[PDB]
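Novice: Protein chains in written order, with the authors' numbering: chain C, 1 to 221; chain C', 1 to 221; chain C'', 1 to 221; chain A, 1 to 136, 156 to 210. A prime marks a further copy of an entry chain. Yeah, the Cβ is synthetic: ideal placement off N, Cα and C, and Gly gets one too. Structure incoming, see below.
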Amino acid sequence: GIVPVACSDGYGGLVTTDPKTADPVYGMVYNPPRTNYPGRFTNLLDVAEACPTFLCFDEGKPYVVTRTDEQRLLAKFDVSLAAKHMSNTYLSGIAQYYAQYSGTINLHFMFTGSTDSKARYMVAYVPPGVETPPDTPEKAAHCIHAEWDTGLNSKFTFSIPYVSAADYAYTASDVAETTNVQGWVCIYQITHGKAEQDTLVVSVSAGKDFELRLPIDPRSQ
Amino acid sequence: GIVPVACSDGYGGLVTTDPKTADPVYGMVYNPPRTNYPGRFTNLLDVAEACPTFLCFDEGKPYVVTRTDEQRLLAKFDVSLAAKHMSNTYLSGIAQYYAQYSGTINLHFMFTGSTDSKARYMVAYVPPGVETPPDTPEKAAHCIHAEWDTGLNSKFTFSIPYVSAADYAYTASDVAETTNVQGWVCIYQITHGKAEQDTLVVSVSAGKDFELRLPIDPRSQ
Amino acid sequence: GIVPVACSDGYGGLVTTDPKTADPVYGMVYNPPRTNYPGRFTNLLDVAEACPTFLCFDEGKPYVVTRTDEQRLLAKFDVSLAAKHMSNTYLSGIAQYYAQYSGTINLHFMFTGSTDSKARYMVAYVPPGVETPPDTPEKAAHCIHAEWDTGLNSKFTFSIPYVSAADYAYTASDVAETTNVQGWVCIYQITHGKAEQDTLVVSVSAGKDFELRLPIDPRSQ
Amino acid sequence: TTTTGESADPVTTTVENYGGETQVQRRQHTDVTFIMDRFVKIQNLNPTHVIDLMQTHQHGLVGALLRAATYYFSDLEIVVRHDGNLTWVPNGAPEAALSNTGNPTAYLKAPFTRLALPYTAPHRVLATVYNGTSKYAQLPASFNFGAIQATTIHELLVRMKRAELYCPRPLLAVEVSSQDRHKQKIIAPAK
């Protein structure tokens with residue numbers, strides 16, 4: 001006699017993401033060597049961590065600038081990988097293919113002004129719960145924030161913290177909801193000296209614990 | 001050559017309750033931690049044992065009361081999880097999903113009267129075999145019974161014993177038959193003193209050896 | 001790749017007597033205990049050996065009787081489980097479900113006469129080969145036989161031997177053939193004293209080496 | 001037993017009190033993981049469907065038991081009878097994604113498709129009742164097991180794997196008019 005088997009209903013169909021392998025038909029193929037080929041990356045986030053890309057502000061400029069020396073809200077944007085200001089970044093490029101994330105997102109600020117121009121800036125993380133963002137450094141001071149001088153070192157990095165009710169947040173956005181909008185980031189200029197035409201270039205990268213979760217194919221094809 | 005197999009007729013179909021698992025298609029998913037989340041229950045009967053729920057008497061009251069100080073049958077009900085008086089209890093809620101049971105069912109009596117009101121009650125288990133239940137404590141005394149005073153302690157618990165010919169009883173009822181009606185429980189007031197408007201709240205829970213047997217889906221859907 | 005299999009033609013169909021088991025669908029069922037339930041039997045022949053049942057003679061009597069004190073052939077029957085005289089026995093009840101048998105068949109003779117009635121009987125096994133059975137004890141004496149007195153002990157048991165060309169015999173009969181008729185059993189009365197209305201009750205059971213072979217379902221359904 | 005009822009401490013009296021003897025109990029059937037581990041129907045279907053265990057019938061074996069808990073967690077198995085190919089996307093995915101093969105897509109194979117899916121919500125556990133809003156009654160949109168889409172979805176069956184229930188809630192039997200019992204036709208041999 002032979003082995004009895006029950007060909008089971010509901011099993012067997014092809015699933016584009018299944019964990020099995022096909023049957024081979026052309027054996028004994030040896031490839032040209034590619035040992036130590038340069039620039040290899042094995043995880044998208046290793047790249048997203050080390051290579052910050054630029055934010056997009058008014059008229060598509062990767063920077064902000066103000067002609068007045070008074071306090072001003074230079075820019076505000078939503079803490080969403082779906083944000084308009086993030087739309088040209090590599091981080092957002094990667095994130096559109098995952099349903100959820102959690103973790104630190106790092107902002108980088110680089111001053112490009114002349115030796116004779118000085119400024120003092122502030123960056124704040126405004127969590128959800130307030131109707132609109134603070135329009136002044138005074139009101140925003142009560143939030144998690146950092147202030148800095150322009151000097152010998154042109155770059156300043158700040159971590160936007162992951163603070164939410166759920167353990168993960170959606171990468172996409174839909175309408176003002178708790179799972180898809182995690183507050184705002186506000187960048188202010190406290191004041192400046194002779195920096196009317198000088199700019200602050202802003203870029204973003206992934207933090208030490210930034211994480212993307214569930215693979216998706218949502219682009220219109 | 002390859003392995004010969006006999007795809008067997010009568011096997012393979014899907015059975016809603018089969019003991020196998022489907023084939024996976026989306027791997028590597030790590031969940032948010034939920035260690036030590038509170039109020040977990042792993043067996044329905046752990047809950048049914050610790051949380052008694054109320055019986056339902058005339059006009060849907062979870063209690064009985066009498067205005068006369070004489071002996072009276074305050075209430076009688078069928079020892080059936082299908083009984084009218086049990087219809088709002090959690091025990092009956094659970095039992096409707098199992099074909100059979102066996103074991104102890106516990107009744108709880110709580111006196112709510114004022115300090116100046118006293119009473120003496122009796123509870124009896126009348127097994128099947130008599131045409132109708134005893135209408136008086138005297139006649140019911142010959143059964144398995146308990147009597148008690150109202151005092152410092154407001155609650156009294158009594159176990160309705162499982163006594164039947166078969167080892168299991170049906171949870172549902174059909175018509176007077178040996179497998180679906182296991183007698184009555186009769187609650188009497190022997191007498192009372194100034195307890196005309198005072199009540200005896202009754203609730204029920206599962207006993208140490210209460211057991212429900214065969215899973216069913218009998219509700220109209 | 002995956003395992004290659006050859007779904008074989010000619011295999012897989014359901015066979016009412018196959019040696020396999022179905023797939024389970026309702027697990028975890030514990031039964032009421034039935035330890036030491038009485039009167040269990042595990043082999044039909046244990047019962048057929050210990051419980052003899054009655055033969056059927058003229059007018060359906062489980063006994064033979066003669067009014068004359070002379071030698072007489074009280075009864076003769078075919079050594080067939082299909083015999084008319086065996087038709088109400090448990091042995092024949094069992095045998096109709098098997099195609100073949102072999103072994104000893106035991107006859108039991110019980111005298112029911114009064115203390116004042118005596119008799120002397122003879123039983124003979126006549127193998128095939130003679131046209132008709134011996135009508136007298138004298139002619140039958142040359143066969144395998146036993147003779148006995150009626151006394152204190154009312155019962156006498158005799159073994160009808162299995163003597164045939166083939167190692168097995170058919171339980172059913174068709175027409176006079178070597179595989180389905182194995183001779184006759186003849187019961188004679190040598191003589192008697194005052195036993196005109198007294199009887200000899202006859203019953204049959206299976207012998208130590210009686211055996212039934214091949215399961216069949218031949219009854220008209 | 002006599003106790004102070006008001007405290008609400010559990011009291012489990014026994015048959016022994018009046019001379020009886022407690023009898024051994026096997027409770028495998030009432031075990032939560034076991035009892036929830038079976039296929040149950042979902043009724044309101046559409047070619048695009050979001051998997052929501054609250055779609056289970058309120059008086060169904062699983063439907064009612066699930067409702068009788070406040071919080072729960074579990075993995076899942078589904079059986080779908082569909083025309084065309086079936087695509088599933090995880091919790092949080094744009095509805096637009098159901099249109100693409102890159103997401104788990106099962107090519108039609110009679111008579112239907114049976115799959116094993118992981119819990120994908122962003123919460124540690126889910127709820128059957130939620131007193132409040134998720135937007136800046157119904158349950159929050161994030162309480163789901165993803166969505167499926169095919170040309171036509173004829174049948175859906177769901178099965179809860181590794182189920183964990185917390186915080187039990189009321190569970191009801193049918194109400195009884197008679198005042199003695201609820202009677203119904205129990206199965207019995209014909210003739």
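Of all Cβ atoms in chain A, is any one closer than 8 Å to the Cβ of C/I216?
Specialist: Counting from 1 along the first sequence, the entry for residue 216 of chain C is found at position 216. Yes, contact with chain A.
Novice: Just the Cα atoms here: how many angstroms apart are C''/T157 and C'/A172?
Specialist: Start at 1 with the first residue of the third sequence, and residue 157 of chain C'' comes out as number 157. Start at 1 with the first residue of the second sequence, and residue 172 of chain C' comes out as number 172. Using only the alpha carbons, I get a separation of about 58 Å.
Novice: With burial defined as no fewer than 16 other Cβ atoms inside 10 Å of the residue's Cβ, what is the status of C'/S159: buried or exposed?
Specialist: Translated into positions along the second sequence, residue 159 of chain C' becomes position 159. Buried, since its Cβ has 16 or more Cβ neighbours within 10 Å.
Novice: Is the Cβ-Cβ distance between C'/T104 and C'/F210 less than 8 Å?
Specialist: As a first step, residue 104 of chain C' is located in the second sequence; it is residue number 104 there, counting from the start. As a first step, residue 210 of chain C' is located in the second sequence; it is residue number 210 there, counting from the start. Yes, these two residues count as a Cβ contact at 8 Å.
Novice: Within its chain, find whatever has a CB closer than 6 Å to the CB of residue 223 of chain C''; leave out the 5 residues flanking it on each side and keep chain order.
Specialist: Chain C'' is shown only over 1 to 221; residue 223 of chain C'' falls outside these bounds and no answer can be derived.
Novice: May I ask you to report which of helix, strand or coil DSSP gives C''/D46?
Specialist: Within the third sequence, residue 46 of chain C'' is the residue found at index 46, counting from 1. C''/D46: helix per DSSP, three-state reduction.
Novice: Hey, out of C'/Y168, C'/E196, C'/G207, whose CA is closest to C''/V29's CA?
Specialist: Mapped onto the third sequence, residue 29 of chain C'' falls at position 29. Considering only alpha carbons, the answer is C'/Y168.
Novice: Does the beta carbon of A/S74 sit closer than 8 Å to a beta carbon anywhere in chain C?
Specialist: The residue given as residue 74 of chain A occupies position 74 in the fourth sequence. By this cut-off, A/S74 is not an interface position.
Novice: For the stretch 79-128 of chain C, which segments carrying the beta strand (DSSP E) assignment without a break, of at least 3 residues, lie completely within its bounds, in sequence order?
Specialist: With a minimum length of 3 residues, the continuous beta strand (DSSP E) runs that stay inside the stretch 79-128 of chain C are 100-102, 105-111, 118-126.
Novice: Given this structure, state the Cα-to-Cα distance separating C'/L14 from C'/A6, to the nearest angstrom.
Specialist: In the second sequence, residue 14 of chain C' corresponds to position 14, counting from 1. In the second sequence, residue 6 of chain C' corresponds to position 6, counting from 1. Straight-line Cα distance between these residues: approximately 19 Å.
Novice: If the cut is a Cβ gap below 8 Å, which residues of chain A does C/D167 touch?
Specialist: The residue labelled residue 167 of chain C in the question sits at position 167 within the first sequence. Within 8 Å Cβ-Cβ: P122, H123, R124.
Novice: Which residues in the same chain have their Cβ closer than 8 Å to the Cβ of A/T171, if we skip the five residues on either side of it in sequence?
Specialist: Start at 1 with the first residue of the fourth sequence, and residue 171 of chain A comes out as number 152. Hits under 8 Å: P47, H82, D83, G84.
Novice: Quick one: which chain C'' residues come within Cβ less than 7 Å of C/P24?
Specialist: As a working note, residue 24 of chain C is residue 24 in the first sequence. Here the neighbours are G1.
Novice: Do C''/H108 and C''/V204 have their C-beta atoms closer together than 8 Å?
Specialist: Here residue 108 of chain C'' refers to the residue found at position 108 of the third sequence. Here residue 204 of chain C'' refers to the residue found at position 204 of the third sequence. Against a cut-off of 8 Å, the Cβ pair of C''/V204 and C''/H108 comes out as a contact.
Novice: Is there a Cβ from chain C that is less than 8 Å from the Cβ of C''/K20?
Specialist: Along the third sequence, read from residue 1 onward, the residue named residue 20 of chain C'' stands at position 20. Closer than 8 Å: yes.
Novice: DSSP beta-bridge partners for C''/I160?
Specialist: Working through the third sequence from its first residue, we reach residue 160 of chain C'' at position 160. Paired residues: C''/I105.
Novice: Hey, A/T133 and A/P90: beta-carbon distance below 8 Å or not?
Specialist: One-based indexing of the fourth sequence puts residue 133 of chain A at position 133. One-based indexing of the fourth sequence puts residue 90 of chain A at position 90. Taking 8 Å as the Cβ cut-off, A/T133 and A/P90 do not qualify as a contacting pair.
Novice: Quick one: Cα of A/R200 to Cα of C''/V202, how far?
Specialist: Counting from 1 along the fourth sequence, the entry for residue 200 of chain A is found at position 181. Counting from 1 along the third sequence, the entry for residue 202 of chain C'' is found at position 202. Roughly 60 Å between the two C-alpha positions.
Novice: Tell me the rounded alpha-carbon separation between C/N106 and C/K208.
Specialist: To locate residue 106 of chain C, count along the first sequence from 1; it is residue 106. To locate residue 208 of chain C, count along the first sequence from 1; it is residue 208. Taking the straight line from one Cα to the other gives about 9 Å.
Novice: Any idea if A/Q203 is buried or exposed, counting beta-carbon neighbours within 10 angstroms, 16 or more meaning buried?
Specialist: For the purposes of this step, residue 203 of chain A is taken as the residue at position 184 of the fourth sequence. Classification of A/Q203: exposed, given that the 10 Å Cβ count is below 16.
Novice: Round the Cβ separation of A/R38 and C'/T17 to the nearest angstrom and send it over; I've been treating them as touching at under 8 Å.
Specialist: Here the question's residue 38 of chain A lines up with position 38 in the fourth sequence. Here the question's residue 17 of chain C' lines up with position 17 in the second sequence. A/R38 to C'/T17, Cβ: 5 Å. Contact.
Novice: Which residues, taken in chain order from the stretch 57-91 of chain C, show a beta carbon closer than 8 Å to some beta carbon of chain A?
Specialist: Hits within the stretch: zero.
Novice: In whole angstroms, what is the alpha-carbon distance linking A/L115 and C'/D23?
Specialist: By one-based count along the fourth sequence, residue 115 of chain A stands at place 115. By one-based count along the second sequence, residue 23 of chain C' stands at place 23. Each residue's Cα considered, the two are about 6 Å apart.
Novice: If I follow the unbroken alpha helix (DSSP H) through A/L61, where does it start and stop?
Specialist: As a first step, residue 61 of chain A is located in the fourth sequence; it is residue number 61 there, counting from the start. Looking at the DSSP string, the run of the alpha helix (DSSP H) that includes A/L61 is 61-67.
Novice: At a Cβ threshold of 8 Å, is A/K109 touching chain C?
Specialist: Taking the fourth sequence and counting its residues from 1, one reaches residue 109 of chain A at position 109. Yes, because at least one Cβ of chain C sits closer than 8 Å to the Cβ of A/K109.
Novice: So the candidates are C''/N31, C''/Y125, C''/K118, C''/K139; which of them puts its Cα closest to the Cα of C''/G151?
Specialist: If you number the third sequence from 1, residue 151 of chain C'' lands on position 151. Closest option to C''/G151, Cα to Cα, is C''/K118.
Novice: I need the straight-line Cα distance from C/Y97 to C/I216, nearest angstrom please.
Specialist: The sequence position of residue 97 of chain C within the first sequence is 97, counting from 1. The sequence position of residue 216 of chain C within the first sequence is 216, counting from 1. So the alpha carbons of these two residues sit roughly 5 Å apart.
Novice: At a CB distance below 7 Å, what residues from the stretch 90-119 of chain C approach chain C'? Give them in sequence order.
Specialist: So nothing in the stretch comes that close.
Novice: Return no unless some Cβ of chain C'' is closer than 8 Å to the Cβ of A/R26.
Specialist: Within the fourth sequence, numbered from 1, the residue matching residue 26 of chain A stands at position 26. Yes, contact with chain C''.
Novice: Which residue marks the beginning of the alpha helix (DSSP H) containing A/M179, and which one marks its end?
Specialist: By one-based count along the fourth sequence, residue 179 of chain A stands at place 160. Here A/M179 belongs to no alpha helix (DSSP H); instead the beta strand (DSSP E) covers 171-187.
Novice: Starting from the beta carbon of C''/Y30, find every residue of chain A whose beta carbon is closer than 7 Å, and list them in chain order.
Specialist: Position 30 of the third sequence, counted from the start, is the residue given in the question as residue 30 of chain C''. Those within 7 Å of C''/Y30 in chain A are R26.
Novice: Quick one: which unbroken beta strand (DSSP E) runs of 3-plus residues sit fully inside the stretch 9-81 of chain C? Chain order, please.
Specialist: The qualifying runs are 72-78.
Novice: Quick check on C/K84: buried or exposed, where buried means 16 or more other Cβ atoms within 10 Å of its Cβ?
Specialist: Working through the first sequence from its first residue, we reach residue 84 of chain C at position 84. Exposed, since its Cβ has fewer than 16 Cβ neighbours within 10 Å.
Novice: Give every residue of the same chain whose Cβ lies closer than 7 Å to the Cβ of C'/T66, excluding the five residues on either side of it in the sequence, and list them in chain order.
Specialist: To locate residue 66 of chain C', count along the second sequence from 1; it is residue 66. Counting only Cβ-Cβ distances below 7 Å, and skipping sequence neighbours, we find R72, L74, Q189.
Novice: Tell me the rounded alpha-carbon separation between C''/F57 and C''/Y125.
Specialist: As a position in the third sequence, residue 57 of chain C'' is number 57, starting the count at 1. As a position in the third sequence, residue 125 of chain C'' is number 125, starting the count at 1. In a straight line, the C-alpha of C''/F57 is about 18 Å away from that of C''/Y125.
Novice: Could you please give me the residues that DSSP links to A/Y72 through a beta bridge?
Specialist: The residue labelled residue 72 of chain A in the question sits at position 72 within the fourth sequence. Beta-bridge pairing links A/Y72 to A/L126, A/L184.
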